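Okay, structure first, notes after.
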Amino acid sequence: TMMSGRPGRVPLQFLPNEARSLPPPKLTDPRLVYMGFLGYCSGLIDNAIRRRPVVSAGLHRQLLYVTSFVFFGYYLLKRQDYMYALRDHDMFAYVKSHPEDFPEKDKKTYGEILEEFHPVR
Amino acid sequence: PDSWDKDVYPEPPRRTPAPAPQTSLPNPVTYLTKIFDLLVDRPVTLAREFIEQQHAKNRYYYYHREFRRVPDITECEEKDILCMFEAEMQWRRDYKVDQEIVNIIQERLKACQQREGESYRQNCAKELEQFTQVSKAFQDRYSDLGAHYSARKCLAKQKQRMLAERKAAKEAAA
Ligand SMILES: CCCCCCCCCCCCCCCCC[C@@H](O)O[C@H](CO[C@H](O)CCCCCCCCCCCCCCC)COP(=O)(O)OCC[N+](C)(C)C
């Protein structure tokens with residue numbers, strides 16, 4: 001468990017207060033569109049299993065499938081983005097705090113670096 | 001013809017001997033050349049005059065792209081991806097230009113062989129040495145880089161050559 005038990009973590013909180021400072025996903029996010037596509041596929045499979053006309057029947061039901069998937073996908077994307085932002089924040093802070101462990105190395109050009117040449121023949 | 005550069009693609013002056021006939025018999029080659037000029041050369045020249053007249057009314061120009069020099073892989077720092085990319089592209093363009101230079105020298109060699117004919121072994125000695133020098137330099141540069149050649153690999157090859165030459169010079173001066 002890497003980030004479980006990180007200080008200041010409220011248990012059973014899907015989205016903390018500090019996540020509000022991040023850009024929310026655009027409603028036309030390709031990931032949101034894919035969640036809607038999953039909802040549509042679920043609706044078609046429902047019609048097929050129940051032996052209704054696949055594309056025509058149950059338009060209200062198919063709409064509910066798509067809407068539920070888009071809703072949950074929006075909140076899932078927010079939580080995923082928050083966790084990744086948290087990971088990057090922690091990593092940058094640790095690198096800043098441990099300079100002796102993450103030292104800046106002098107850059108040498110390829111005119112100074114010597115590399116063995118392996119001919120292909 | 002002003003189509004190409006006579007310095008890049010040289011040809012010796014053409015010495016054509018004057019005819020010196022010694023027979024009363026007519027020359028079938030001359031008669032057939034006259035027939036060819038009457039039946040073929042005149043119609044094709046008229047057609048080209050018409051086409052060239054049509055071209056001159058719609059004159060337009062195209063230009064030769066100019067590339068400025070950028071820092072090379074020797075100056076690029078290690079794992080500096082942008083400078084490495086620019087240097088690699090520049091090296092690739094220079095590789096293409098060198099290939100075409102070798103092609104030009106080979107064209108010179110072939111044309112001289114055919115032109116000289118039965119005395120090519122002596123009359124094409126200048127072109128043979130030039131081809132030898134150009135091909136040797138091209139081979140030493142890009143000889144065994146492989147299918148996945150790169151400016152870094154060529155730099156490593158040149159560094160190896162420089163080390164070998166320095167060692168040989170030290171041993172000679174010893
Ligand atoms: C009507 C609209 C549609 C609703 C449909 C609902 C269906 C899903 C139901 C909701 C499930 C999540 C519940 C949300 C409220 C609970 C809040 C809490 O549970 O969230 C966090 C925890 O929530 C879950 O752990 C994460 C929820 C996300 C799971 C769904 C995505 C799974 C990834 C699958 C990726 C590929 C599929 C993509 C989705 C299609 C709390 O963290 P914590 O209390 O400290 O956990 C302790 C244990 N640990 C540390 C070891 C983890």
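Labels for the structure tokens follow display order: chains A, B, ..., residues from 1 in each chain, ligands from 1.
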
Subject >> stretch 57-72 of chain B surroundings by only C-alpha atoms, 8 Å radius, close-in-sequence under 2 positions cut, as JSON, numbers by chain >> reply: {"B": [53, 54, 55, 74, 75, 76, 83, 84, 86, 87, 88, 90, 91]}

Write the selection just made, keeping N, CA and C atoms, as a short mmCIF file (atom, residue, chain, number, x, y, z; two decimals), in the first residue's frame?
```cif
data_model
loop_
_atom_site.label_atom_id
_atom_site.label_comp_id
_atom_site.auth_asym_id
_atom_site.auth_seq_id
_atom_site.Cartn_x
_atom_site.Cartn_y
_atom_site.Cartn_z
N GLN B 53 6.10 27.96 -77.51
CA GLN B 53 5.32 29.19 -77.56
C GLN B 53 4.21 29.16 -76.53
N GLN B 54 3.53 28.02 -76.39
CA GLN B 54 2.47 27.92 -75.39
C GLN B 54 3.02 28.01 -73.97
N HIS B 55 4.23 27.49 -73.74
CA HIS B 55 4.81 27.53 -72.40
C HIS B 55 5.17 28.95 -72.00
N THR B 74 28.12 16.55 -32.05
CA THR B 74 29.27 16.78 -31.17
C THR B 74 28.95 17.85 -30.14
N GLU B 75 28.21 18.88 -30.53
CA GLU B 75 27.86 19.95 -29.61
C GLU B 75 26.65 19.61 -28.76
N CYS B 76 25.79 18.71 -29.23
CA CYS B 76 24.61 18.35 -28.46
C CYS B 76 25.00 17.66 -27.16
N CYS B 83 18.09 19.02 -29.44
CA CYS B 83 19.32 19.23 -30.18
C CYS B 83 19.76 17.96 -30.88
N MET B 84 19.56 16.81 -30.23
CA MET B 84 19.88 15.54 -30.87
C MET B 84 19.04 15.34 -32.13
N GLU B 86 17.64 17.71 -34.10
CA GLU B 86 18.07 18.61 -35.16
C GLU B 86 19.39 18.16 -35.77
N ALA B 87 20.34 17.73 -34.93
CA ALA B 87 21.62 17.25 -35.42
C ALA B 87 21.46 15.98 -36.26
N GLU B 88 20.58 15.07 -35.84
CA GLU B 88 20.36 13.85 -36.61
C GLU B 88 19.76 14.16 -37.97
N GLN B 90 20.09 16.95 -39.66
CA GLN B 90 21.13 17.58 -40.47
C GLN B 90 22.12 16.56 -41.00
N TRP B 91 22.52 15.60 -40.16
CA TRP B 91 23.42 14.55 -40.60
C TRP B 91 22.80 13.70 -41.70
#
```

Original post:
Taking the backbone alone, and naming residues the way the document does, which bits of stretch 22-155 of chain B are helix (DSSP H, G or I) by DSSP, as an MDAnalysis selection string?
Top reply: chainID B and resid 28:56 81:123 125:142 151:155

What are the nearest atom pairs, with distances in Å to one decimal, for all residues of chain B that come at most 9 Å from chain A, using only C-alpha atoms, set out by chain and rising residue number as JSON lines?
```
{"residue": "B:73", "atom": "CA", "partner": "A:110", "partner_atom": "CA", "distance": 6.4}
{"residue": "B:74", "atom": "CA", "partner": "A:111", "partner_atom": "CA", "distance": 4.2}
{"residue": "B:75", "atom": "CA", "partner": "A:109", "partner_atom": "CA", "distance": 5.9}
{"residue": "B:76", "atom": "CA", "partner": "A:109", "partner_atom": "CA", "distance": 5.5}
{"residue": "B:77", "atom": "CA", "partner": "A:109", "partner_atom": "CA", "distance": 3.9}
{"residue": "B:78", "atom": "CA", "partner": "A:109", "partner_atom": "CA", "distance": 5.4}
{"residue": "B:143", "atom": "CA", "partner": "A:119", "partner_atom": "CA", "distance": 8.6}
{"residue": "B:144", "atom": "CA", "partner": "A:119", "partner_atom": "CA", "distance": 5.2}
{"residue": "B:145", "atom": "CA", "partner": "A:119", "partner_atom": "CA", "distance": 5.9}
{"residue": "B:146", "atom": "CA", "partner": "A:120", "partner_atom": "CA", "distance": 5.0}
{"residue": "B:147", "atom": "CA", "partner": "A:120", "partner_atom": "CA", "distance": 8.3}
{"residue": "B:152", "atom": "CA", "partner": "A:110", "partner_atom": "CA", "distance": 7.8}
{"residue": "B:153", "atom": "CA", "partner": "A:117", "partner_atom": "CA", "distance": 6.7}
{"residue": "B:154", "atom": "CA", "partner": "A:117", "partner_atom": "CA", "distance": 8.4}
{"residue": "B:155", "atom": "CA", "partner": "A:111", "partner_atom": "CA", "distance": 8.2}
{"residue": "B:156", "atom": "CA", "partner": "A:117", "partner_atom": "CA", "distance": 5.2}
{"residue": "B:157", "atom": "CA", "partner": "A:117", "partner_atom": "CA", "distance": 5.5}
{"residue": "B:158", "atom": "CA", "partner": "A:117", "partner_atom": "CA", "distance": 8.9}
{"residue": "B:159", "atom": "CA", "partner": "A:114", "partner_atom": "CA", "distance": 7.5}
{"residue": "B:160", "atom": "CA", "partner": "A:117", "partner_atom": "CA", "distance": 7.0}
```

Based on the selection just made, write C-alpha atoms of those residues as a PDB file, in the first residue's frame.
```pdb
ATOM      1  CA  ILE B  73      25.799  15.917 -32.485  1.00  0.00           C
ATOM      2  CA  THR B  74      29.267  16.781 -31.174  1.00  0.00           C
ATOM      3  CA  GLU B  75      27.864  19.954 -29.612  1.00  0.00           C
ATOM      4  CA  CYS B  76      24.612  18.348 -28.458  1.00  0.00           C
ATOM      5  CA  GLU B  77      24.564  17.411 -24.780  1.00  0.00           C
ATOM      6  CA  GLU B  78      23.823  13.852 -23.716  1.00  0.00           C
ATOM      7  CA  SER B 143      31.098   2.143 -44.440  1.00  0.00           C
ATOM      8  CA  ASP B 144      29.712  -0.189 -41.765  1.00  0.00           C
ATOM      9  CA  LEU B 145      27.128   1.724 -39.766  1.00  0.00           C
ATOM     10  CA  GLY B 146      24.340  -0.819 -40.302  1.00  0.00           C
ATOM     11  CA  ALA B 147      20.652  -0.600 -41.064  1.00  0.00           C
ATOM     12  CA  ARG B 152      25.926   9.022 -32.768  1.00  0.00           C
ATOM     13  CA  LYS B 153      27.177   5.843 -34.445  1.00  0.00           C
ATOM     14  CA  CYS B 154      29.094   7.838 -37.050  1.00  0.00           C
ATOM     15  CA  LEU B 155      30.596   9.978 -34.289  1.00  0.00           C
ATOM     16  CA  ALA B 156      31.722   6.839 -32.467  1.00  0.00           C
ATOM     17  CA  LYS B 157      33.256   5.526 -35.694  1.00  0.00           C
ATOM     18  CA  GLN B 158      35.134   8.779 -36.255  1.00  0.00           C
ATOM     19  CA  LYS B 159      36.367   8.856 -32.657  1.00  0.00           C
ATOM     20  CA  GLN B 160      37.673   5.312 -33.130  1.00  0.00           C
TER      21      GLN B 160
END
```

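Residues within 9 Å of stretch 99-113 of chain B, counting only C-alpha atoms and excluding same-chain residues fewer than 2 positions away, are residues 8, 9, 10, 11, 94, 95, 96, 97, 115, 116, 117, 118, 119, 120, 121, 123, 124, 127, 128, 130, 131, 134, 135 and 138 of chain B.
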
I need the chosen residues saved as an mmCIF file, in the first residue's frame, with C-alpha atoms.
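As a result, part30.cif now contains:
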```
data_model
loop_
_atom_site.group_PDB
_atom_site.id
_atom_site.type_symbol
_atom_site.label_atom_id
_atom_site.label_comp_id
_atom_site.auth_asym_id
_atom_site.auth_seq_id
_atom_site.Cartn_x
_atom_site.Cartn_y
_atom_site.Cartn_z
ATOM 1 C CA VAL B 8 29.947 19.872 -62.798
ATOM 2 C CA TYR B 9 29.444 17.632 -65.860
ATOM 3 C CA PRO B 10 32.465 18.291 -68.090
ATOM 4 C CA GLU B 11 32.877 17.062 -71.633
ATOM 5 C CA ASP B 94 24.403 15.654 -45.435
ATOM 6 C CA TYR B 95 24.466 11.882 -45.968
ATOM 7 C CA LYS B 96 22.048 12.319 -48.883
ATOM 8 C CA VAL B 97 24.164 15.085 -50.424
ATOM 9 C CA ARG B 115 33.416 8.553 -74.832
ATOM 10 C CA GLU B 116 37.057 7.486 -75.031
ATOM 11 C CA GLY B 117 36.126 4.074 -76.364
ATOM 12 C CA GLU B 118 39.132 1.937 -77.290
ATOM 13 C CA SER B 119 41.703 4.022 -75.379
ATOM 14 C CA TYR B 120 39.773 4.400 -72.129
ATOM 15 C CA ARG B 121 42.408 2.727 -69.955
ATOM 16 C CA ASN B 123 42.401 8.542 -71.279
ATOM 17 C CA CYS B 124 40.190 8.056 -68.193
ATOM 18 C CA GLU B 127 38.371 10.296 -63.598
ATOM 19 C CA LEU B 128 39.469 6.990 -62.079
ATOM 20 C CA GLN B 130 38.918 11.138 -58.568
ATOM 21 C CA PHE B 131 36.400 8.330 -58.172
ATOM 22 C CA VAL B 134 35.724 10.194 -53.403
ATOM 23 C CA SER B 135 34.698 6.566 -52.893
ATOM 24 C CA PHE B 138 32.700 8.046 -48.534
#
```

**OP:** Throw together the list of residues within 6 Å of ligand 1, counting only C-alpha atoms and all ligand atoms, and drop it here as a count of residues only.
**Re:** 8

Original post:
Separation of atom CA of residue A:27 and atom CA of residue A:56, in Å?
Top reply: 26.7 Å

Subject >> Between atom CA of residue B:125 and atom CA of residue B:142, distance in Å (one decimal) >> reply: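 Distance between the two atoms: 25.6 Å.
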
**OP:** Could you jot down the atom CA of residue A:7 to atom CA of residue A:83 separation for me, Å, one decimal place?
**Re:**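 Between these atoms lies a distance of 14.1 Å.
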